[PDB]
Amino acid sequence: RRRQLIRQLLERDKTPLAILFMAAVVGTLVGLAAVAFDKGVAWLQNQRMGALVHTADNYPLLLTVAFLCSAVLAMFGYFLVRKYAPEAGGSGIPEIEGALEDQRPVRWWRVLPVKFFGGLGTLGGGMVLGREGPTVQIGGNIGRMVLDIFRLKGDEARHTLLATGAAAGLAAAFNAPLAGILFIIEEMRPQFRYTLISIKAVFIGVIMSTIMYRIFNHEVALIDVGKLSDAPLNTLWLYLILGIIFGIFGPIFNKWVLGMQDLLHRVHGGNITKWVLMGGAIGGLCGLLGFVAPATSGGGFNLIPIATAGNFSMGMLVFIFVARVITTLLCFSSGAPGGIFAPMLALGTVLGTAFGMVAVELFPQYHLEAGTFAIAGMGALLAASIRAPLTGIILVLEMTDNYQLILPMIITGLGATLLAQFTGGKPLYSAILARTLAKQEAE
């Protein structure tokens, strides 16, 4: 095959111009979509918080519409999915991953409006869910949409445009170009066989998407942590320790979300009315907690700069972490449209800060700042649950801009991946696709 290789090596990196151009329009759309989604979630959340002012006196009545408003929006999201596109429930990343292995269909005519509006209700209701779920799945579906609309033929174009959709989808969710592209080549793409996914094209999609996001969200960081301190070579060993901790907790978390999917499936047994109702309950709880204990609800981005600064108590970091574990499970495993990605950053951040605290008082000769251990742990639950640390590490580096912590971030992350593996853990996404893929045959 030596001669084939010589022919191949010279024909390397020659992507069809049509695919490059089509990647450019996919990105532009996925961007504007993700922007519009984000803008939408904000508006609804704004009106909700605007209602708690109209009834800011009668405290019970306050605690009433705080519940109802998030309930109505949740049900409307639980409904849109259970009725028109069941594949739009949950994250949506396993489903796109499935579409890459050619085992799940990309019914963009149904998912695009369902994921967009359904998620807009759940997210806009202030449920503990991310924007990644929608944006990624929506993005990939945009990639398929232009594929059928322009009728491009080829496995390259199908796999590529599907990938640059998800990539550009993740990019606009976090203003993180590199994280999006890296997500495709480390976790998204088929993991057991060769593939014709033009990386250069995935790049062009992300670029146009991120640019679109930059047109509308200028001069405000999703997370402004500020330039923290550094990490000495004799401090590193504390990060490997934090990693191990994440490493045994990852799989445990994985079992809970999987198990909670089952436990919550009983409550409705597949019935659309029981499910929708249960949705409004979970959503309403989040809207309630959104007023009385905001750190237990919401996406989680808000409490990240705070924890990293050490402005929470050790008691709070235990409160927030426990309660958020409970609410994250409730919102995601219930099948509501919305990613688990972002809330897992919060869990990691909180747990990291918790470690950093104890680490500070135990060893003042190190001159530690508990914020360094939070940033390290930020992308650590993305290493022991999702098992895509290279994505997490780069992502966190894109959102926090503290490169001088690249070693602890890596080391901790790898502490999580190695111990997740050894303790009997499996990637959260693939472990869900397999669940979905087995069920499809089980019946």
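Numbers for residues come from their place in the sequence shown, where the first is 1.
Averaged over their C-alpha atoms, the temperature factors of 405-413 and 51-59 are higher for 51-59. Per-stretch averaging of Cα B factors for 123-131 and 259-267 places 259-267 on top.
Within the group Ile181, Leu112, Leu288, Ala176, the record's highest C-alpha temperature factor is found at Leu288. Each of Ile375, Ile393, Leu32, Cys69 has a CA temperature factor in the record; the biggest one is found at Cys69.
Per the PDB record, residue ranking by Cα B-factor puts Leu419 in the middle third of the chain.
Ranked by C-alpha B-factor against the other modelled residues of its chain, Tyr84 falls in the highest third. Ranked by Cα temperature factor within the chain, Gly310 sits in the middle third according to the deposited record. Annotation for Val25: CA B-factor lies in the lowest third of the chain's modelled residues. Among all modelled residues in its chain, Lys200 ranks in the lowest third by Cα B-factor.
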